[PDB]
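Ligands are counted one by one from 1 in listed order, and the atoms in each one are counted from 1 as well. We use all heavy atoms of the structure for the numbers below, so side chains are in, but hydrogens, waters and symmetry mates are not. Chain letters run A, B, ... following the sequence lines, proteins first, then strands; residues in each count from 1.
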Amino acid sequence: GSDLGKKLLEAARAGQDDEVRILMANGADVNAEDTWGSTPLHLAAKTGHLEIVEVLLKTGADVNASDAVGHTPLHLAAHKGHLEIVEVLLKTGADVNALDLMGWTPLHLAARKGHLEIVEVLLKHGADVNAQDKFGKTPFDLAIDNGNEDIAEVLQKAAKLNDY
Amino acid sequence: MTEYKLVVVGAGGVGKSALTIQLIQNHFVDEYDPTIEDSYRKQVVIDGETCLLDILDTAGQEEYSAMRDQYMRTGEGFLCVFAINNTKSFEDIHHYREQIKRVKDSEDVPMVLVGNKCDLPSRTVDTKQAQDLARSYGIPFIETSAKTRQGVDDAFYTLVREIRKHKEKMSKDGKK
Ligand SMILES: Nc1nc2c(ncn2[C@@H]2O[C@H](COP(=O)(O)OP(=O)(O)NP(=O)(O)O)[C@@H](O)[C@H]2O)c(=O)[nH]1
Ligand SMILES: [Mg+2]
Ligand SMILES: [Mg+2]
(Lines give C-alpha, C1' and ligand atoms only; values in the text may rest on other atoms or scores of the structure.)
(Ligands and ions follow the chains in the order given, each with its own letter.)
Protein backbone atom coordinates (compact mmCIF):
# COMPACT_ATOMS: atom_id res chain seq x y z
CA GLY A 1 0.00 0.00 0.00
CA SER A 2 1.37 3.40 1.01
CA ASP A 3 0.86 2.71 4.73
CA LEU A 4 1.67 -0.97 4.09
CA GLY A 5 4.27 0.03 1.48
CA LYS A 6 6.15 2.21 3.97
CA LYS A 7 6.02 -0.62 6.54
CA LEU A 8 7.28 -3.11 3.98
CA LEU A 9 10.25 -0.88 3.10
CA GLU A 10 11.25 -0.56 6.77
CA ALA A 11 10.76 -4.30 7.46
CA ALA A 12 12.90 -5.18 4.45
CA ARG A 13 15.69 -2.78 5.43
CA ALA A 14 15.63 -4.02 9.03
CA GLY A 15 15.76 -7.73 8.05
CA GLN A 16 12.42 -8.59 9.72
CA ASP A 17 11.56 -11.81 7.80
CA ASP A 18 8.28 -12.52 9.62
CA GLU A 19 7.09 -8.94 9.34
CA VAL A 20 7.81 -8.91 5.59
CA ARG A 21 5.75 -12.11 5.22
CA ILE A 22 2.79 -10.70 7.18
CA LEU A 23 2.87 -7.36 5.33
CA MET A 24 2.84 -9.17 1.98
CA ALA A 25 -0.07 -11.38 3.10
CA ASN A 26 -2.00 -8.14 3.83
CA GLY A 27 -1.40 -6.88 0.29
CA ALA A 28 1.59 -4.58 0.75
CA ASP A 29 2.81 -3.27 -2.58
CA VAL A 30 5.93 -5.31 -3.26
CA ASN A 31 7.28 -2.48 -5.46
CA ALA A 32 6.57 0.42 -3.07
CA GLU A 33 9.22 3.16 -3.34
CA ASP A 34 10.84 5.35 -0.72
CA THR A 35 11.83 8.99 -1.25
CA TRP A 36 14.96 8.16 -3.23
CA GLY A 37 13.39 5.44 -5.36
CA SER A 38 14.36 2.30 -3.38
CA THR A 39 11.99 -0.66 -3.45
CA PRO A 40 11.94 -3.36 -0.72
CA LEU A 41 14.16 -5.47 -2.98
CA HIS A 42 16.77 -2.66 -3.15
CA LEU A 43 16.74 -2.28 0.63
CA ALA A 44 16.94 -6.03 1.30
CA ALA A 45 19.70 -6.49 -1.32
CA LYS A 46 21.90 -3.66 0.00
CA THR A 47 21.63 -4.69 3.65
CA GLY A 48 22.36 -8.34 2.84
CA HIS A 49 19.04 -9.98 3.83
CA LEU A 50 18.99 -13.00 1.49
CA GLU A 51 15.75 -14.64 2.70
CA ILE A 52 13.80 -11.41 2.24
CA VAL A 53 15.31 -10.98 -1.24
CA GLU A 54 14.03 -14.47 -2.14
CA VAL A 55 10.57 -13.85 -0.69
CA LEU A 56 10.30 -10.53 -2.58
CA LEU A 57 11.41 -12.04 -5.89
CA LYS A 58 8.78 -14.80 -5.50
CA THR A 59 6.01 -12.28 -4.75
CA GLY A 60 6.45 -10.12 -7.87
CA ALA A 61 9.25 -7.63 -7.04
CA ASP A 62 10.64 -5.83 -10.13
CA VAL A 63 14.13 -7.28 -10.29
CA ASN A 64 15.39 -4.38 -12.45
CA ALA A 65 13.82 -1.48 -10.55
CA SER A 66 16.15 1.53 -10.68
CA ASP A 67 16.51 4.11 -7.83
CA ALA A 68 17.17 7.87 -7.88
CA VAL A 69 20.84 7.39 -8.83
CA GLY A 70 20.23 4.56 -11.29
CA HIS A 71 21.05 1.54 -9.10
CA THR A 72 19.21 -1.77 -9.45
CA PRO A 73 19.30 -4.34 -6.63
CA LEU A 74 22.04 -6.15 -8.50
CA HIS A 75 24.30 -3.05 -8.46
CA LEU A 76 23.86 -2.73 -4.71
CA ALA A 77 24.43 -6.40 -3.91
CA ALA A 78 27.53 -6.38 -6.19
CA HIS A 79 28.86 -3.26 -4.43
CA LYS A 80 28.14 -4.54 -0.91
CA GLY A 81 29.61 -7.98 -1.63
CA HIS A 82 26.52 -10.18 -1.07
CA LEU A 83 27.32 -13.17 -3.31
CA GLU A 84 24.17 -15.27 -2.73
CA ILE A 85 21.95 -12.24 -3.37
CA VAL A 86 23.85 -11.51 -6.58
CA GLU A 87 23.26 -15.13 -7.64
CA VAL A 88 19.50 -15.23 -6.97
CA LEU A 89 19.02 -11.83 -8.63
CA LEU A 90 20.77 -13.07 -11.78
CA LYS A 91 18.80 -16.35 -11.65
CA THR A 92 15.56 -14.30 -11.51
CA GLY A 93 16.10 -12.03 -14.56
CA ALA A 94 18.40 -9.22 -13.28
CA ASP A 95 20.01 -7.17 -16.07
CA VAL A 96 23.67 -8.05 -15.67
CA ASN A 97 24.82 -4.88 -17.50
CA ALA A 98 22.49 -2.28 -15.91
CA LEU A 99 24.03 1.24 -15.88
CA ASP A 100 24.00 3.83 -13.05
CA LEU A 101 24.51 7.60 -13.46
CA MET A 102 28.28 7.13 -13.38
CA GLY A 103 28.11 4.58 -16.22
CA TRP A 104 28.95 1.75 -13.81
CA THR A 105 27.68 -1.78 -14.43
CA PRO A 106 27.58 -4.35 -11.60
CA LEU A 107 30.91 -5.67 -12.86
CA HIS A 108 32.52 -2.23 -12.41
CA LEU A 109 31.17 -2.05 -8.84
CA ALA A 110 32.37 -5.54 -7.89
CA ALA A 111 35.75 -4.90 -9.58
CA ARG A 112 36.36 -1.62 -7.69
CA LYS A 113 35.45 -3.24 -4.36
CA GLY A 114 37.53 -6.42 -4.83
CA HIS A 115 34.68 -9.00 -4.73
CA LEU A 116 36.30 -11.85 -6.72
CA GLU A 117 33.50 -14.45 -6.54
CA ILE A 118 30.92 -11.85 -7.59
CA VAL A 119 33.10 -10.83 -10.56
CA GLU A 120 33.29 -14.50 -11.70
CA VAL A 121 29.52 -14.97 -11.30
CA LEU A 122 28.71 -11.77 -13.24
CA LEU A 123 31.06 -12.86 -16.01
CA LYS A 124 29.26 -16.24 -16.09
CA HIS A 125 25.96 -14.37 -16.69
CA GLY A 126 27.42 -12.33 -19.61
CA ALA A 127 28.74 -9.14 -17.93
CA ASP A 128 30.42 -6.81 -20.43
CA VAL A 129 34.22 -6.60 -19.87
CA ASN A 130 34.42 -3.73 -22.38
CA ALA A 131 31.80 -1.53 -20.71
CA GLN A 132 33.26 1.96 -20.15
CA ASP A 133 32.10 4.33 -17.41
CA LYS A 134 31.68 8.11 -17.81
CA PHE A 135 35.47 8.47 -17.33
CA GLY A 136 36.26 5.91 -20.05
CA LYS A 137 37.18 3.16 -17.53
CA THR A 138 36.41 -0.55 -17.97
CA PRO A 139 36.06 -2.97 -14.98
CA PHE A 140 39.60 -4.11 -15.67
CA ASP A 141 40.86 -0.53 -15.43
CA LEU A 142 39.01 -0.08 -12.12
CA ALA A 143 40.40 -3.33 -10.73
CA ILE A 144 43.92 -1.95 -11.45
CA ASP A 145 43.14 1.48 -9.96
CA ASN A 146 41.96 -0.21 -6.71
CA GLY A 147 44.89 -2.66 -6.52
CA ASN A 148 42.72 -5.75 -7.14
CA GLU A 149 45.25 -7.78 -9.17
CA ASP A 150 43.48 -11.16 -8.92
CA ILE A 151 40.33 -9.59 -10.38
CA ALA A 152 42.35 -7.87 -13.14
CA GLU A 153 43.78 -11.21 -14.29
CA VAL A 154 40.37 -12.87 -14.24
CA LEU A 155 38.98 -9.97 -16.28
CA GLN A 156 41.90 -10.03 -18.70
CA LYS A 157 41.43 -13.78 -19.32
CA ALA A 158 37.68 -13.26 -19.80
CA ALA A 159 38.36 -10.60 -22.46
CA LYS A 160 40.61 -13.04 -24.40
CA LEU A 161 38.38 -16.16 -24.08
CA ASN A 162 35.74 -13.82 -25.56
CA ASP A 163 37.87 -12.26 -28.33
CA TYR A 164 38.43 -15.78 -29.79
CA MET B 1 7.91 11.50 12.74
CA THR B 2 8.72 14.15 10.17
CA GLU B 3 10.70 13.08 7.11
CA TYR B 4 13.36 15.41 5.74
CA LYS B 5 14.67 14.89 2.20
CA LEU B 6 18.33 15.95 2.09
CA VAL B 7 20.77 16.01 -0.83
CA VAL B 8 24.55 16.34 -0.59
CA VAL B 9 26.25 18.04 -3.59
CA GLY B 10 29.62 19.61 -4.48
CA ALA B 11 32.77 18.94 -6.53
CA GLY B 12 34.45 15.54 -6.76
CA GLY B 13 36.63 14.45 -3.86
CA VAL B 14 35.49 17.09 -1.33
CA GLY B 15 34.19 14.36 1.06
CA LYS B 16 30.41 14.22 0.40
CA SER B 17 30.41 10.43 0.79
CA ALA B 18 32.77 10.51 3.78
CA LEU B 19 30.48 13.05 5.53
CA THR B 20 27.36 11.00 4.88
CA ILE B 21 28.89 7.68 5.94
CA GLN B 22 30.25 9.25 9.12
CA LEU B 23 26.75 10.45 9.95
CA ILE B 24 25.14 7.09 9.21
CA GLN B 25 27.75 4.48 10.23
CA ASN B 26 30.20 6.46 12.41
CA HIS B 27 32.85 5.21 9.99
CA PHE B 28 35.45 7.19 8.12
CA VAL B 29 36.00 5.97 4.54
CA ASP B 30 39.57 6.45 3.35
CA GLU B 31 41.08 6.32 -0.13
CA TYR B 32 40.90 2.52 -0.24
CA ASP B 33 37.17 1.94 0.30
CA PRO B 34 35.37 2.83 -2.93
CA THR B 35 31.95 4.51 -2.64
CA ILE B 36 28.93 4.98 -4.95
CA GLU B 37 26.12 7.46 -5.24
CA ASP B 38 23.52 6.16 -2.78
CA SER B 39 20.74 6.99 -0.34
CA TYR B 40 20.63 6.53 3.42
CA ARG B 41 18.12 6.86 6.23
CA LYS B 42 18.81 8.02 9.80
CA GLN B 43 16.38 8.49 12.69
CA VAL B 44 17.49 11.29 15.05
CA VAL B 45 16.02 13.69 17.62
CA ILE B 46 16.46 17.37 16.70
CA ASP B 47 15.13 20.05 19.05
CA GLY B 48 12.86 17.51 20.72
CA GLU B 49 11.38 16.29 17.37
CA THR B 50 11.92 12.73 16.13
CA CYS B 51 13.04 13.07 12.53
CA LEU B 52 13.77 10.74 9.63
CA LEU B 53 16.57 11.99 7.44
CA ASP B 54 16.38 10.58 3.91
CA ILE B 55 19.77 11.48 2.51
CA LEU B 56 20.97 11.26 -1.07
CA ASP B 57 24.76 11.32 -1.51
CA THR B 58 25.47 12.44 -5.11
CA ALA B 59 28.65 12.59 -7.20
CA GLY B 60 30.38 15.80 -8.18
CA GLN B 61 29.73 16.39 -11.89
CA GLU B 62 29.15 18.99 -14.60
CA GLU B 63 26.44 17.32 -16.70
CA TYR B 64 22.87 18.03 -17.69
CA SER B 65 20.81 15.04 -16.58
CA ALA B 66 17.06 14.47 -16.30
CA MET B 67 17.61 12.18 -13.32
CA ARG B 68 19.79 14.64 -11.50
CA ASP B 69 17.23 17.37 -12.20
CA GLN B 70 14.61 15.01 -10.71
CA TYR B 71 16.46 14.50 -7.41
CA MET B 72 16.95 18.26 -7.12
CA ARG B 73 13.19 18.75 -7.55
CA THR B 74 12.46 16.10 -4.87
CA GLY B 75 15.10 17.31 -2.39
CA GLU B 76 13.95 19.73 0.30
CA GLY B 77 17.40 20.90 1.39
CA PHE B 78 21.00 20.71 0.16
CA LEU B 79 24.42 20.50 1.74
CA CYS B 80 26.78 22.32 -0.61
CA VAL B 81 30.21 20.95 0.23
CA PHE B 82 33.69 22.18 -0.63
CA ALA B 83 37.09 21.15 0.77
CA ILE B 84 39.24 23.70 2.62
CA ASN B 85 42.31 22.47 0.74
CA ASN B 86 40.76 22.85 -2.74
CA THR B 87 40.14 26.39 -4.00
CA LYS B 88 38.44 25.08 -7.14
CA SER B 89 35.86 23.20 -5.09
CA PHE B 90 35.07 26.50 -3.31
CA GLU B 91 34.78 28.38 -6.64
CA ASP B 92 32.37 25.67 -7.87
CA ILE B 93 29.90 26.26 -4.99
CA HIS B 94 28.29 29.12 -6.92
CA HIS B 95 27.48 26.73 -9.78
CA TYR B 96 25.89 24.10 -7.48
CA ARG B 97 23.71 26.72 -5.76
CA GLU B 98 22.70 28.31 -9.09
CA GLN B 99 21.77 24.92 -10.55
CA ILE B 100 19.56 24.03 -7.56
CA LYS B 101 17.80 27.42 -7.68
CA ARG B 102 17.26 27.09 -11.44
CA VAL B 103 15.90 23.53 -11.28
CA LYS B 104 13.66 24.15 -8.27
CA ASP B 105 12.76 27.58 -9.59
CA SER B 106 13.17 29.22 -6.22
CA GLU B 107 15.24 31.91 -4.51
CA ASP B 108 14.62 30.30 -1.09
CA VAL B 109 15.88 26.74 -1.10
CA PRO B 110 17.12 25.36 2.27
CA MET B 111 20.89 25.05 2.12
CA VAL B 112 23.99 24.90 4.27
CA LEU B 113 27.53 25.68 3.11
CA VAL B 114 29.97 23.02 4.33
CA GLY B 115 33.75 23.45 4.42
CA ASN B 116 35.08 19.92 4.85
CA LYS B 117 38.51 18.40 5.67
CA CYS B 118 39.16 20.81 8.57
CA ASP B 119 41.36 18.16 10.22
CA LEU B 120 44.09 18.71 7.63
CA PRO B 121 47.39 20.27 8.77
CA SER B 122 46.77 23.30 6.52
CA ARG B 123 44.35 24.98 4.08
CA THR B 124 43.99 27.03 0.89
CA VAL B 125 40.51 28.48 1.44
CA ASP B 126 40.13 31.26 3.99
CA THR B 127 37.39 30.74 6.65
CA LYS B 128 36.37 34.39 6.45
CA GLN B 129 35.83 34.15 2.70
CA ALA B 130 33.53 31.17 3.22
CA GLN B 131 31.68 32.95 6.01
CA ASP B 132 31.24 36.03 3.80
CA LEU B 133 29.83 33.89 0.99
CA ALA B 134 27.36 32.10 3.31
CA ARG B 135 26.28 35.45 4.76
CA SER B 136 25.68 36.86 1.26
CA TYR B 137 23.55 33.81 0.49
CA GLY B 138 21.71 34.08 3.82
CA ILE B 139 22.68 30.51 4.81
CA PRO B 140 24.67 28.87 7.64
CA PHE B 141 28.32 27.93 7.20
CA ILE B 142 29.61 24.83 8.99
CA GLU B 143 33.20 23.57 9.12
CA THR B 144 33.47 19.79 9.13
CA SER B 145 35.87 16.89 9.23
CA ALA B 146 34.51 13.55 8.08
CA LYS B 147 37.69 12.10 9.57
CA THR B 148 37.43 13.44 13.14
CA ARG B 149 33.60 13.77 12.95
CA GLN B 150 33.80 17.48 13.81
CA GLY B 151 30.70 19.28 12.56
CA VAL B 152 29.15 16.21 10.92
CA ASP B 153 26.00 16.11 12.98
CA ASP B 154 25.91 19.92 12.98
CA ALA B 155 25.87 20.16 9.18
CA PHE B 156 22.92 17.76 8.76
CA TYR B 157 20.97 18.94 11.78
CA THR B 158 21.40 22.61 10.78
CA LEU B 159 20.03 21.73 7.32
CA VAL B 160 16.99 20.17 8.97
CA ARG B 161 16.44 23.35 10.94
CA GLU B 162 16.68 25.40 7.72
CA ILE B 163 14.02 23.18 6.12
CA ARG B 164 11.84 23.60 9.20
CA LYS B 165 12.14 27.40 9.11
CA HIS B 166 11.29 27.40 5.39
CA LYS B 167 8.19 25.26 5.96
CA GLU B 168 7.11 27.53 8.84
CA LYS B 169 7.61 30.67 6.72
CA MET B 170 5.49 29.07 3.98
CA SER B 171 2.59 28.33 6.38
CA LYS B 172 2.52 32.02 7.39
CA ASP B 173 2.16 32.80 3.65
CA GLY B 174 -0.43 30.02 3.19
CA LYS B 175 -3.06 31.61 5.51
CA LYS B 176 -2.37 35.36 5.36
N1 LIG C 1 41.55 14.20 5.83
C2 LIG C 1 40.33 14.10 5.32
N3 LIG C 1 40.12 13.37 4.22
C4 LIG C 1 38.80 13.36 3.89
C5 LIG C 1 37.74 13.97 4.53
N6 LIG C 1 36.56 13.72 3.84
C7 LIG C 1 36.91 12.96 2.84
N8 LIG C 1 38.26 12.68 2.83
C9 LIG C 1 39.00 11.92 1.84
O10 LIG C 1 38.83 12.56 0.59
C11 LIG C 1 38.74 11.55 -0.46
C12 LIG C 1 37.44 11.69 -1.23
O13 LIG C 1 36.33 11.56 -0.27
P14 LIG C 1 34.85 11.17 -0.80
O15 LIG C 1 34.02 11.14 0.43
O16 LIG C 1 34.89 9.98 -1.70
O17 LIG C 1 34.48 12.40 -1.77
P18 LIG C 1 33.21 12.77 -2.64
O19 LIG C 1 32.93 14.20 -2.38
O20 LIG C 1 32.15 11.79 -2.10
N21 LIG C 1 33.60 12.38 -4.17
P22 LIG C 1 32.56 12.14 -5.47
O23 LIG C 1 31.87 13.47 -5.92
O24 LIG C 1 33.33 11.48 -6.62
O25 LIG C 1 31.48 11.17 -4.99
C26 LIG C 1 38.92 10.21 0.26
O27 LIG C 1 40.25 9.73 0.09
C28 LIG C 1 38.50 10.50 1.69
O29 LIG C 1 39.04 9.64 2.67
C30 LIG C 1 38.00 14.79 5.66
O31 LIG C 1 37.22 15.42 6.39
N32 LIG C 1 39.35 14.75 6.00
MG1 LIG D 1 30.97 10.45 -3.19
MG1 LIG E 1 16.70 7.16 2.01
Side-chain angles (χ1 to χ4, degrees), chain A residues 6 9-10 12-14 32-40 42-43 46-47 67-69 71 76 79 100-104 109 112-113 133-135 137 142 145-146, chain B residues 1 3-25 27-44 51-63 68 71 74-76 79-86 88-90 92-93 95-96 114-123 125 142-152 154-156:
Chain A
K6 286 172 189 288
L9 285 156
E10 293 314 299
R13 181 200 262 137
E33 285 185 19
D34 78 359
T35 292
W36 293 125
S38 294
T39 66
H42 284 98
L43 299 185
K46 81 198 296 178
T47 59
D67 74 3
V69 289
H71 288 132
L76 300 172
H79 177 70
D100 75 6
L101 301 186
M102 297 278 97
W104 291 328
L109 302 189
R112 294 165 85 218
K113 281 283 269 184
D133 70 12
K134 290 277 170 71
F135 310 111
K137 310 275 203 163
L142 297 184
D145 294 351
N146 291 277
Chain B
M1 285 220 261
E3 299 168 3
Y4 294 92
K5 314 182 181 178
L6 313 188
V7 184
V8 188
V9 308
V14 299
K16 297 175 300 293
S17 292
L19 282 170
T20 302
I21 293 168
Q22 195 52 270
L23 178 84
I24 302 300
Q25 298 169 11
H27 179 58
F28 178 55
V29 301
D30 70 4
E31 50 207 286
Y32 295 119
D33 190 28
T35 52
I36 56 166
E37 299 193 275
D38 204 0
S39 60
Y40 301 86
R41 171 169 268 191
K42 200 186 175 63
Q43 187 172 302
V44 299
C51 293
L52 296 165
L53 282 35
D54 287 326
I55 303 160
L56 190 67
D57 177 33
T58 71
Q61 97 308 308
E62 304 254 302
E63 47 161 27
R68 299 191 182 285
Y71 66 58
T74 296
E76 288 164 342
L79 293 189
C80 296
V81 186
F82 71 98
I84 60 86
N85 66 338
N86 183 332
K88 182 67 165 50
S89 73
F90 178 73
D92 286 350
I93 287 297
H95 299 285
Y96 287 93
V114 179
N116 188 46
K117 310 199 178 185
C118 286
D119 50 286
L120 283 172
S122 72
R123 78 186 61 182
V125 183
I142 311 285
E143 284 178 8
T144 64
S145 172
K147 188 174 192 186
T148 69
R149 225 163 174 288
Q150 166 183 351
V152 173
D154 195 7
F156 286 96

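At least one donor-acceptor pair under 3.5 Å links the side chain of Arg112(A) to the backbone N or O of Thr35(B). The main-chain N or O of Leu43(A) is never found under 3.5 Å from a side-chain atom of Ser38(A) such that the two would form a donor-acceptor pair.
Looking at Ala146(B) next to ligand 1, an N or O pair under 3.5 Å apart turns up. Remark: ligand 1 and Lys16(B) share an N or O pair separated by less than 3.5 Å (distance only, no angle test). In terms of polar-atom proximity, defined here as any N/O pair under 3.5 Å, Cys118(B) makes no such contact with ligand 1. Close N/O approach between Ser17(B) and ligand 1 is found [any backbone or side-chain N/O within under 3.5 Å]. Considering both main-chain and side-chain atoms, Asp57(B) never comes within under 3.5 Å of ligand 1 through any nitrogen or oxygen pair. Considering backbone and side-chain N/O atoms, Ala59(B) never comes within less than 3.5 Å of an N/O atom of ligand 1.
The CD atom of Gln150(B) lies 8.0 Å from the CG atom of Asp119(B); values are rounded to the nearest 0.5 Å. Atom CD1 of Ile55(B) and atom CD1 of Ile21(B) lie 11.0 Å apart (nearest 0.5 Å).
One option in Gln150(B), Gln22(B), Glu31(B) has a heavy atom closer to atom 26 (C) of ligand 1 than any other, and that option is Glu31(B). Checking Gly12(B), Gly10(B), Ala11(B) against atom 24 (O) of ligand 1, the nearest heavy atom belongs to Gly12(B). Among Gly15(B), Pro121(B), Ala83(B), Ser145(B), the residue whose heavy atom sits closest to atom 13 (O) of ligand 1 is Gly15(B).
The shortest side-chain heavy-atom distance between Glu37(B) and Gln61(B) does not fall under the 4.5 Å cut-off. At least one side-chain heavy atom of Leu142(A) sits less than 4.5 Å from a side-chain heavy atom of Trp104(A). Counting heavy atoms from C-beta outward, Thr35(A) and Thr74(B) have side chains that approach closer than 4.5 Å. Counting heavy atoms from C-beta on, the side chains of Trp36(A) and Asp67(A) never come closer than 4.5 Å.
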- Task: Could you check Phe28(B) against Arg149(B) for side chain to side chain contact (heavy atoms under 4.5 Å, CB included), going step by step and ending with a plain yes or no?
- Result: CA-CA 8 Å; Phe28(B) 178 55; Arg149(B) 225 163 174 288; over 6 Å; no
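Only the side chain of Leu120(B) comes within contact range of ligand 1, with a heavy atom under 4.0 Å; no backbone atom does. In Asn116(B), the part holding a heavy atom less than 4.0 Å from any atom of ligand 1 is the side chain.
Within the coordination shell of the Mg ion (ligand 2), defined by N, O or S atoms under 2.8 Å, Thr58(B) is absent.
Of the protein's heavy atoms, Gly13(B) N, 3.0 Å lies nearest to atom 21 (N) of ligand 1. In terms of protein heavy atoms, atom 9 (C) of ligand 1 is closest to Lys117(B) NZ, 4.0 Å. Closest to atom 16 (O) of ligand 1 among all protein heavy atoms lies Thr35(B) OG1, 4.0 Å.
For the pair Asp54(B) and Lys42(B), the salt-bridge criterion is not met [side-chain N within less than 4.0 Å of a carboxylate O]. Between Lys46(A) and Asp38(B) there is a salt bridge, with a side-chain nitrogen of the basic residue lying less than 4.0 Å from a carboxylate oxygen of the acidic one.
A side chain to side chain donor-acceptor pair (under 3.5 Å) with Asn116(B) is found for one member of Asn85(B), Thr144(B), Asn86(B) and no other, namely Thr144(B).
Residue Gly60(B) has at least one heavy-atom neighbour below 4.0 Å for each of these atoms of ligand 1: 23 (O). Under a 4.0 Å criterion applied to the non-hydrogen atoms of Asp119(B), ligand 1 contributes the atoms 1 (N), 2 (C), 30 (C), 31 (O), 32 (N). Each of the following atoms of ligand 1 lies closer than 4.0 Å to a heavy atom of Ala18(B): 6 (N), 7 (C), 15 (O). Close contacts of ligand 1 with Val29(B), meaning ligand atoms under 4.0 Å from a residue heavy atom, involve 28 (C), 29 (O). Near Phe28(B), meaning under 4.0 Å from any of its heavy atoms, are these atoms of ligand 1: 3 (N), 4 (C), 5 (C), 29 (O).
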